[PDB]
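Before any questions on how it binds or moves, here is one chain, the form deposited in one PDB entry, in structure tokens.
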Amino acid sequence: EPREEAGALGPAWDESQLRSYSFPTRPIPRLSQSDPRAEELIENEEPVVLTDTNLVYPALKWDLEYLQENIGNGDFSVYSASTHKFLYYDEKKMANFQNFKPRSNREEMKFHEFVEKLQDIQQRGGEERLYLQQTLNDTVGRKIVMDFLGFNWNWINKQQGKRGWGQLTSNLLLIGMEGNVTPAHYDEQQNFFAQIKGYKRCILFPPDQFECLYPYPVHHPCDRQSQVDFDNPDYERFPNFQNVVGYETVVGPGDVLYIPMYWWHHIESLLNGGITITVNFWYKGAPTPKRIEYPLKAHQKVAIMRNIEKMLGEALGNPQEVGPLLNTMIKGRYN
């Protein structure tokens, strides 16, 4: 249920701001950083919302005005779309599938141009949607460097050390409009998802529901995204989507969601909730142990399936031949 803001300021959000879907969910635990149950969840690679990390405490003052004045004059990747879904597509892989035409268009612009183009849309009451997704780098201004240095690195660095993870891969700044949706997908890295402004509904599915979410081919630009349209699921093509069960939560300013590697997640900015701001922390997972302990975890099988598809695309000399050969291997033999 919705949490209540301090000072009797009412519920931060209500159920009417959530989109409706066909599957059931149960809540992700919201725990304190000092709760041993939170440490045992991160250790067992299960999601958890940490409410009091102070991970991005200096950034909780961030808004469009503050950022525009201090985030520098670097280039920011801004995506536009006529729909609320911002399906990710790997541009490097668009050569393999010359028939894929993205629904989102990427435009590289300055931050003040992003704010202005967002102002125009609001002014003219247009229905275009924008989503800024840019990796933080050296080009940021002094005040943002101060904020960045003010994050609680003492806490997240200990997490990195306790779990044997690799190095921090990147920090992605996310600024989207109310109603924006990032369709279900899984990342190969560990992710700490630090909410700053606004509220986001996060629906996670464990790796063992691979069969229910039907990822695109590895060589397809939408590699690691689900093929299922959550708004209009095609049960004829994707019958096991009727068996999907998610883990749900709504994160607000100060909350940090641990999204374990290979876990699916569907993210949506709450309807009529204003703009959302997020910063995520990606870490390379711990190395694969030398002695493999059976039975294999679900994510290890996903890793195996990915490698088979990759090798097959390399050996055949064309990723388009992957499907035909795989079907030839199974039809009347393993099915």
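From 1 onward, residues are counted along the sequence shown.
Separately, the form solved in complex with a partner chain exists; it is not shown, and the next lines address it.
Undergrad: Could you tell me which one of 44, 272, 34, 288 places a heavy atom within 4.5 Å of its partner chain in the entry with it bound?
TA: None of the other options qualify; the answer is 288.
Undergrad: Tell me the stretch among 110-118, 221-229, 249-257, 196-204 that has any heavy atom within 4.5 angstroms of its partner chain in the entry with it bound.
TA: Flagged stretch: 221-229.
Undergrad: Do residue 127 and its partner chain share at least one heavy atom pair within 4.5 Å in the entry with it bound?
TA: Outside the cut-off, so no.
Undergrad: Is the gap between residue 262 and its partner chain in the entry with it bound 4.5 Å or less for some heavy atom pair?
TA: Residue 262 belongs to the contact set for its partner chain.
Undergrad: How about residue 155: is it within 4.5 Å of its partner chain in the entry with it bound, going by heavy atoms?
TA: Contact check for residue 155: no, nothing within 4.5 Å of its partner chain in the entry with it bound.
Undergrad: Does any part of residue 92 reach within 4.5 Å of its partner chain in the entry with it bound? Heavy atoms only, please.
TA: Close contact exists here: in the entry with it bound, residue 92 approaches its partner chain to within 4.5 Å, heavy atoms only.
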